[PDB]
Asker: 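After the structure tokens below, expect a handful of questions from me.
Letters go in sequence order (proteins before strands), and every chain restarts at 1. Quick note: numbers below take in every heavy atom, side chains included, and nothing from hydrogens, waters or symmetry partners.
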Amino acid sequence: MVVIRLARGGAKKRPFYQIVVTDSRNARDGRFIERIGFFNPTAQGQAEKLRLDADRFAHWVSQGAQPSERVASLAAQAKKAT
Amino acid sequence: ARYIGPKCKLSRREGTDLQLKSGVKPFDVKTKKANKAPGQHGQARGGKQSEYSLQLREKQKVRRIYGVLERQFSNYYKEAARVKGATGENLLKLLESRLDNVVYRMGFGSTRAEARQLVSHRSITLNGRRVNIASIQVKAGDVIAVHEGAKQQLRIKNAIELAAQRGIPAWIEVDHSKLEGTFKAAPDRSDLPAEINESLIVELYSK
Amino acid sequence: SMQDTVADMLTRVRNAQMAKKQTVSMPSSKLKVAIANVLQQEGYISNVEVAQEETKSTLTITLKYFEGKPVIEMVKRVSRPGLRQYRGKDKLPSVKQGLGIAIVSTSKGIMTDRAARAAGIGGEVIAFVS
Amino acid sequence: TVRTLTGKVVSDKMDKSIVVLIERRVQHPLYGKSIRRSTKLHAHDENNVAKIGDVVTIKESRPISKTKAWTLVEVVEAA
Amino acid sequence: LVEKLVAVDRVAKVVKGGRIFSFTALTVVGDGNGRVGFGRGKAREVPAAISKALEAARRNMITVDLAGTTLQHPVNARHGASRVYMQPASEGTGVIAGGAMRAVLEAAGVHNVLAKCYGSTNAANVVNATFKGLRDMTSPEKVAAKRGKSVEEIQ
Amino acid sequence: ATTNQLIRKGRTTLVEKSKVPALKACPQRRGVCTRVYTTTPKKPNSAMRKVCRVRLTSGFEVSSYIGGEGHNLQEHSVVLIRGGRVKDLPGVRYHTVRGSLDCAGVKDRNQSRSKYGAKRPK
RNA sequence: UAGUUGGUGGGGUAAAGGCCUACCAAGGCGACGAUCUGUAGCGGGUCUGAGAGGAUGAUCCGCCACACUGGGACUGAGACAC
RNA sequence: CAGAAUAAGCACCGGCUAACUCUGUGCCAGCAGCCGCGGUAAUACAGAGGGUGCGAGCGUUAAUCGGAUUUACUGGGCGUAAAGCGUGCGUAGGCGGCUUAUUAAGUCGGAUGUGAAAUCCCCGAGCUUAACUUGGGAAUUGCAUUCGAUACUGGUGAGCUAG
Ligand SMILES: NCCC[C@H](N)CC(=O)NCCC[C@H](N)CC(=O)NCCC[C@H](N)CC(=O)N[C@@H]1[C@H](O)[C@@H](OC(N)=O)[C@@H](CO)O[C@H]1NC1=N[C@@H]2C(=O)NC[C@@H](O)[C@H]2N1
């Protein structure tokens, strides 16, 4: 089914995740439908830690996408921050 | 790597003082072989030189003054050419913005080699952190200071005493009492000595 | 046979200038008349006349000389029947950094390259003049 | 909102089918001289209206046979 | 007047009993602010050949109208089988040219230019072609005067 | 050529041939010394040049030059050959790497040792 | 090139279609290169070059194909299935 | 915390190309990318001294583009350097005189959609700096649809006489 999950980028021991909407059967870092934000667990200084597009997130959730547990937690955090 | 060896023969080959020694005694009295090349086949400065020889000998002088090797110097040239403005001015600003050069021009190091030794041994703090890289570029407004453990060192007092004799540079504002200075802005080409013909290095690398 | 009358006109003008003639005449057509008018407006020639005696019509151009040299130092056909050249508004050629003129046929008439750039249109590049 | 083409009929022998020859003028990719290119399309003619030499319009449709995927719309000019 | 020595060559002439050798020198002189010239000299010794070449170069001079320290417009020129192309450049470019072109351009006072040789690279012919191109290069004032327009009209 | 001729027939490009075909685009090749002998140079040179005939893994049978002074090669030795022309020995287009497989490094040298494969004396 | 090109009746498929079959017609492709033959996974890209071009298709991403060599089907939403 | 204590090699010096002498050998031994060195004073072979260029690397071989305007579209040639068929006629094709009306295929302009991400470039951000990672842009010079323009080329109709 359609899921919203994290795709791992960045470098060794400093991961940087893209939040993507994709078919669950695709490879983790491969084909995806839409990119709707990013997550940087080790951000510091002026670096932005989390960015999520709430409009597209809600649109895909209404269309039937299933967020992963981490993405759901990040969406809750973003809603709390905003 | 890093060049270790005799300093004065480099000055003799280049034909000019390269500030490699501290400067307690003049270069002429220090070497007694100035005006001659370091080789057994060495001649005076009046010998004929090709354009390639002139271009090469100009770049080597700057490299020997600043202690920079060929790969890092080429990277500096590429960065200067990428950045808009006079390429030679950008290259000289890049050389003067190095942390080890800035410490030497602050006067905590009697020689750029001594300043580099201090920076490597973490005797100097940039902003508020103990860095150990000599090639770190110093930006406008940065604050350079001496670590407390490194304070009270006879080499540092000797270096600041010699820096008092040397001309204090305009672009750096340094208090010697607490041993701390501020980099205000990049030096200008007019502020820099005029014996350097950076255009020769430019034509060398542009080929 | 004769298959490029514009090139014939340019060649006649060039040879007359090289031979120091004051006047050059040829069979006339509306395209050559338009090109001659553009040259006169740009100042490369003095006067353009058309004599219509009968079904035949003759075009006459008065040439200009300045300090012992012809005003037109270079005239070159660019588009030819064997290879036509069309350019957009962003690729119109510049003749020796704007000191010359490229004659361009556009949907709004025959004009110079800078006029075509100002009007924001392209067309067929007929000739380079300098 | 359908893709149409205009061409000349060069064959009408087979049942309910015509062969239309389309022509286009393009620039050579390297030498820049405009050249002529031609493609042959099989169309469907339900009533065999079209004839050899006419100028016809055809439009894209679902496949009708192995080689036919275009249908005749009208005869612009008759031979 | 800066003086540059483009080339020195040894030439031979055959007589009974052996060969007579001589030297030829090609020189370019220039003020560096729009005046340049070139010449050749032949003598049995290099100093005399160079002196004759310099004297001929001083007798053969022209005046060049530069746009600042660069060319007014791109130039194509040729002398015999040597063809040269020169093009204006922006500040900081320098003189990107071979030795023979470089002598003439530096003597004439060009500081930024991109240049190229096609065909033969014989020094005398290359110098001839560059010299002719520099002589024949024009300026907006001359163009406006010859067309009867104004400089702003010429654009 | 006219534009129409260029459209009808293009511009042909002549392919180039490798000067070292026995290597088959490899940097080096293994071989077995079929012969070890000596040849004479062409004019105006005169010397006694040391050459070997080697059968390569590529399938070719070529001749290679032995550089330096003094070599231990004999027939049935296993050697490594690289590119390089002598230009005074006709038909010799390859060199033998000193010190690789059975070739020994040249002795009594202390300058340019990396060529000829001489280790650093203590 | 003789299911070959088109048409009709029928079959068949999730679905258009000579995909299959029985009849009818003689059609269809080709110097704008058919047929045959050599080589080759394709693209985003990479290297070089002032540019135009030339060379290339590791590592990353998309598509395709294959699974000791050939021919098949079953189950299943989906395979002719490492 | 203890102690300078554990840490420097490789190629080259005839010209192209920065860096020169002495011994040994005498067309031998050998060097060599090209031109070329060696036959008793070898700056070109081998060693040494000195120097030059790089530096945890330094050289060689292989391979691609460049220099090569040396397949020339940009951007070459054919009297004698390589290059005009022995000469005509003619098929396909390429190109084609002047005026006028019309068409809008070529040509030009606008709008919309698309041209995945990564990569290249620019301004920032985080790595002690840099490599590297990353935000946003710019770019993707293309394709398609639709609406316009009519000078030139093409199509169609009419007319003309310099071919
Ligand atoms: N050659 C010997 C001929 C012997 C022959 N058997 C004689 C014969 O049989 N019958 C006699 C018939 C003679 C004929 N009708 C007249 C004639 O020849 N016209 C043409 C020659 C013009 C004039 N005469 C020579 C001339 O002006 N030279 C100058 C000169 O050298 C020099 O400038 C000065 N100022 O010194 C140089 C710049 O440095 O520019 C040259 N100019 C050029 N260089 C360029 C180049 O090569 N190509 C293209 C173009 O750009 C050229 N222009």
Asker: Donor-acceptor check, side chain of D:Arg24 to backbone of D:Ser38, threshold 3.5 angstrom: yes or no?
Answerer: no
Asker: Considering all heavy atoms of both residues, which atom of C:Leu99 and which atom of E:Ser139 are nearest to each other, and what is their separation?
Answerer: CD1-C, 4.4 Å
Asker: Do you know which two heavy atoms are closest between B:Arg189 and B:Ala194, and how far apart they sit?
Answerer: NH2-CA, 3.3 Å
Asker: Go through the side-chain N and O atoms of C:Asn47 and C:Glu49 and say whether any donor and acceptor fall under 3.5 Å apart.
Answerer: yes
Asker: Measuring only between side-chain heavy atoms, which start at C-beta, is C:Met26 closer than 4.5 Å to C:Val24?
Answerer: yes
Asker: Nearest 0.5 angstrom please: C:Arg84 CZ to D:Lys33 NZ, how far?
Answerer: 10.5 Å
Asker: Looking at C:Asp8, is its backbone amide N or carbonyl O close enough to the side chain of C:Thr5 to form a donor-acceptor pair, meaning the two atoms are under 3.5 Å apart?
Answerer: no
Asker: Check the pair E:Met137 / E:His73 against side chain to side chain contact (heavy atoms under 4.5 Å, CB included), numbers first and verdict last.
Answerer: CA-CA 7 Å; E:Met137 173 189 60; E:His73 55 83; 3.5 Å; yes
Asker: At their closest point, which heavy atom of E:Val84 faces which heavy atom of E:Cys117, and how far apart are they?
Answerer: CG1-SG, 3.8 Å
Asker: So how far is it from E:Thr70 OG1 to E:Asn112 CG, rounded to the nearest 0.5 Å?
Answerer: 5.5 Å
Asker: If every non-hydrogen atom of E:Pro140 is compared with every non-hydrogen atom of E:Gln72, which pair is closest and at what distance?
Answerer: CD-OE1, 3.5 Å
Asker: For the backbone of E:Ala56 and the side chain of E:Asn60, can you confirm whether one donor and one acceptor N or O come within less than 3.5 Å of each other?
Answerer: no
Asker: Report the C-alpha distance between B:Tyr205 and B:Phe73 in whole Å, list the side-chain angles of each, state the deciding distance to 0.1 Å, and finish with yes or no for side chain to side chain contact (heavy atoms under 4.5 Å, CB included).
Answerer: CA-CA 10 Å; B:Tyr205 277 112; B:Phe73 202 89; 3.3 Å; yes
Asker: Look up atom CG in E:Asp9 and atom OG in E:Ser22, then write down how far apart they are to the nearest 0.5 Å.
Answerer: 12.5 Å
Asker: So do D:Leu5 and D:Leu41 actually touch side chain to side chain, heavy atoms under 4.5 Å?
Answerer: yes
Asker: Would the distance check show the side chain of E:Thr130 and the main-chain N or O of E:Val126 forming a donor-acceptor pair, the cut-off being under 3.5 Å?
Answerer: yes
Asker: Got more than 12 heavy atoms from elsewhere within 6.0 Å of CD, E:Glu91?
Answerer: no
Asker: Is the shortest heavy-atom distance from the side chain of F:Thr3 to the side chain of F:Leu6 under 4.5 Å?
Answerer: no
Asker: Can you find a side-chain donor-acceptor pair between B:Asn197 and B:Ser199 that sits under 3.5 Å?
Answerer: yes
Asker: Filter on salt bridge (charged side-chain N to carboxylate O under 4.0 Å, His left out), then keep only pairs touching residues 14-23 of chain C, sequence neighbours left out; what's left?
Answerer: none
Asker: Are any of the side-chain heavy atoms of D:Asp54 and D:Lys8 separated by less than 4.5 Å?
Answerer: no
Asker: In a table with atom names and distances, give each donor-acceptor pair under 3.5 Å that connects a side chain of residues 72-79 of chain D to protein atoms at least two apart or in another chain.
Answerer:
none

Asker: If you count every heavy atom of other residues, nucleotides or ligands that lies below 6.0 Å from E:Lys149 atom NZ, does the total exceed 12?
Answerer: yes
Asker: Counting only heavy atoms not in E:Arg78, do more than 12 sit closer than 6.0 Å to its CZ atom?
Answerer: no
Asker: Side-chain contact, heavy-atom cut-off 4.5 Å: C:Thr58 with C:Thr60?
Answerer: yes
Asker: Side chain to side chain contact (heavy atoms under 4.5 Å, CB included) for C:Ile35 and C:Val33? Distances and angles first, verdict last.
Answerer: CA-CA 5 Å; C:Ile35 290 153; C:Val33 163; over 6 Å; no
Asker: I'd like to know if the side chain of B:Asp188 reaches the main chain of B:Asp191, judged simply by a donor and an acceptor atom lying under 3.5 Å from each other, with no hydrogens or angles considered.
Answerer: no
Asker: Between the main-chain N or O of E:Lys42 and the side-chain N or O of E:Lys52, is there a donor-acceptor pair closer than 3.5 Å?
Answerer: yes
Asker: Under 3.5 Å, is there a donor-acceptor pair between the side chain of B:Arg57 and the main chain of B:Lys59?
Answerer: no
Asker: Carefully, step by step, assess E:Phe131 and E:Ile62 under the rule side chain to side chain contact (heavy atoms under 4.5 Å, CB included).
Answerer: CA-CA 9 Å; E:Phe131 192 89; E:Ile62 62 188; 3.4 Å; yes
Asker: Using a distance-only test with no angle check, is there a side-chain donor-acceptor pair under 3.5 angstrom linking B:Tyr77 and B:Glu79?
Answerer: no
Asker: Rounded to the nearest 0.5 Å, how far does CZ of E:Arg58 lie from CG of E:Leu1?
Answerer: 7.5 Å
Asker: Are C:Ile110 and C:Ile126 close enough that some pair of their side-chain heavy atoms sits under 4.5 Å apart?
Answerer: yes
Asker: Taking all atoms of both residues into account, what is the closest heavy-atom pair of C:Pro93 and C:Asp113, and its distance?
Answerer: O-OD2, 3.4 Å
Asker: Looking only at the side chains, is there a donor atom on one of C:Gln3 and C:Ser1 sitting less than 3.5 Å from an acceptor on the other?
Answerer: yes
Asker: Would you call C:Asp4 and C:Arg80 a salt bridge, using N to O less than 4.0 angstrom?
Answerer: no
Asker: Does C:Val95 reach the side chain of C:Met74, with side-chain heavy atoms less than 4.5 Å apart?
Answerer: yes
Asker: Taking C:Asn37's backbone N and O only, do any of them form a donor-acceptor pair with C:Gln40's side chain (distance below 3.5 Å, no angle check)?
Answerer: no
Asker: With a sphere of 6.0 Å drawn around CG of E:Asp136, does it hold more than 12 non-hydrogen atoms of other residues, nucleotides or ligands?
Answerer: yes
Asker: About how many Å separate CD of C:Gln22 and CD of C:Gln17, when rounded to the nearest 0.5 Å?
Answerer: 9.5 Å
Asker: If you round to the nearest 0.5 Å, how far is CG of B:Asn90 from NZ of B:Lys84?
Answerer: 11.0 Å
Asker: Mind listing the closest non-hydrogen atom pair of E:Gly39 and E:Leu26 along with its distance?
Answerer: O-CD1, 3.3 Å
Asker: Report yes if the side chains of E:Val110 and E:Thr69 come closer than 4.5 Å at any heavy-atom pair, otherwise no.
Answerer: no
Asker: Would you check if the side chain of B:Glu96 reaches a backbone N or O of B:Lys93 as a donor-acceptor pair within less than 3.5 Å?
Answerer: no
Asker: Taking atom types as modelled, is there a side-chain donor on C:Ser57 or C:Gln52 under 3.5 Å from an acceptor on the other?
Answerer: no
Asker: I'd like to know if D:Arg37 and D:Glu23 make a salt bridge, using a cut-off of under 4.0 Å between side-chain N and carboxylate O.
Answerer: no
Asker: For B:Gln49, is there any backbone N or O sitting under 3.5 Å from a side-chain donor or acceptor partner on B:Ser53?
Answerer: no
